[PDB]
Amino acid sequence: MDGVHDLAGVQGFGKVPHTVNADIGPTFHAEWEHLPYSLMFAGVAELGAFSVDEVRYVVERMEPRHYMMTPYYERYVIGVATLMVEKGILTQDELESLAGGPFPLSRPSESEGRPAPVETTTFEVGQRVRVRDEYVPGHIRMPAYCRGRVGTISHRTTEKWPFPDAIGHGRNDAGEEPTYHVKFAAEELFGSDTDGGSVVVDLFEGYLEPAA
């Protein structure tokens, strides 16, 4: 999904609000902040109502202006609440009644997702690969800066996981794939307009194809 969450490479932001080893304060700065992650885990591990991938996607589905003005932990309060409503576990009415006011949610999905590709290649360390030049309206773990770009495999995972584009929509056809650490030259991604060396993206097999 080409949403505003796909921030890598966006220009115009100011300074990172940190200098190294500065005090970051306590883990939680407010008494509610542990709730989004804890209730995520209740949904995922206790209820089996959704996957972690569905949590990423529901956050991506926040209305774009809403996403941009909402602090991190609040996005996950909204996301988890949205999933609970979408899955039929809670109603928005009861959330708003308990909250004592408006509790707007993420926008409905505009894609049913897609299955794990049937045709993929097992790649090896040192091989050159291209990120498939594809556009996916639902959840995808490919940041746009690497779409259609060429890099070299530095690692093939020794474990496999469900394809996000499927499990992020709660589909039954996510299968399992390894991922690949794909190293791109900075100039491959941003031309002359970068001060970096290389960028390594951890990409599912289904996002990749042989280069050349």
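The first residue of the shown sequence is 1; numbering continues from there.
- Mean C-alpha B-factor is higher over 46-54 than over the other stretch, the pair under comparison being 63-71 and 46-54.
- Stretch comparison (117-125 versus 75-83) by mean CA B-factor in the PDB entry places 117-125 on top.
- Comparing the listed residues 153, 40, 144, 167, the entry records the largest Cα B-factor for 153.
- When the modelled residues of the chain are ordered by their C-alpha B factor, residue 9 lands in the lowest third.
- Residue 106: CA B factor in the lowest third of modelled residues in this chain (values from the PDB entry).
- Sort the chain's modelled residues by C-alpha temperature factor and residue 88 lands in the highest third, per the entry.
- In the PDB entry, residue 28 places in the highest third of its chain by CA B-factor.
- Per the deposited record, the Cα B-factor of residue 193 falls in the highest third when ranked against the other modelled residues of its chain.
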